[PDB]
Amino acid sequence: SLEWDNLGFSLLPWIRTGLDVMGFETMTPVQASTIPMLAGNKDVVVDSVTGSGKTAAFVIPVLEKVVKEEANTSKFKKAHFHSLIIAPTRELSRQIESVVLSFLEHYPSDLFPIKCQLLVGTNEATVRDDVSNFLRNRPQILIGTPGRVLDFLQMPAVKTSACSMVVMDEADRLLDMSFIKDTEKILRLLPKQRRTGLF
RNA sequence: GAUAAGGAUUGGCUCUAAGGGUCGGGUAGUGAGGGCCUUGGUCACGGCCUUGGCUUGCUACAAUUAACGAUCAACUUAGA
């Protein structure tokens, strides 16, 4: 059908509003076959052509899971996060973060906010600045490259126990021989019982 | 001992945390401060009150590959 209205789990009104303002005029086959399952207690391994709605395909289920598990509430603890997103290059992670910000533009007020933080290797911010504003702003989404997110997670001030969603974009590149050393540690730190999406 | 070698001309892959600290960018206009001047009254070369002409601030165009440069501080042969 490729219609947003007739999907299995009736996407949230603000996510639907963001989709309509952005458009796409419909949902692509990737987003039609991945969103129902990645939010439905199934890990996902997705192969698709470039520019086929993959980024939204793994961003919408992330927000759905964040809202579903009561991550956007006062009950959520400090120095904890919900979802992690990993990409092999800094520009790709920044672009993913921009997409997430665009989706969160239409997030309603009068509720506990949902935020994201980008963790890339930069000369404008040490890892301790990242820890400081992570503690202050309390986001639920982390997006970054393997090196800086590994350094961030290794800091004792950050607790990974509440994470329930890991996404690896360009997962063939992140499981490459060069990247496997860092990603093995990154996944070693995080809890095993989780939902994984490789794209 | 990592990093392709170890008498030779050593410089050696892509992406991915950090790689000692610090400082520094133009040309123009007008306000400010200092410096040399100078002009009157005033008190025995020196004060007092007044008159007209290197640092920094605000605006207007180039540069944003400063992806450069400067300075301070560290360091020596793992071979038997």
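We number each residue from 1, going along the chain as drawn.
Even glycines carry a Cβ here, placed using N, Cα and C.
According to Swiss-Prot, the feature motif 'Q motif' maps to residues A:4-32, out of the candidate ranges A:4-32, A:33-61. Motif 'DEAD box' is the annotation Swiss-Prot gives to one range among A:89-92, A:129-132, A:133-136, A:169-172, and that range is A:169-172. Among residues of the same chain six or more beyond the motif 'Q motif' (A:4-32), those with a C-beta under 8 A of the stretch's C-beta atoms are 39-40, 46, 48, 52-54, 56-57, 60, 63-64, 67, 102-108. For the motif 'DEAD box' (A:169-172), the residues of the chain that approach it from at least six positions outside its boundaries are 45, 54-55, 58, 85-88, 92, 96, 198-199, judged by C-beta separation under 8 angstroms. Contacts of A:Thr55 (ATP binding site) defined by a Cβ separation under 8 A and a same-chain sequence distance of 6+ are given as A:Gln95, A:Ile96, A:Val99, A:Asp169, in order along the sequence. Counting Cβ atoms from all protein chains shown, A:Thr50 (ATP binding site) has 5 others lying within 10 Å of its own Cβ. Sequence-distant contacts of A:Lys54 (ATP binding site), defined by Cβ-Cβ distance under 8 angstroms and a gap of at least six in the same chain, are A:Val30, A:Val46, A:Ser48, A:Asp169, A:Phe199.
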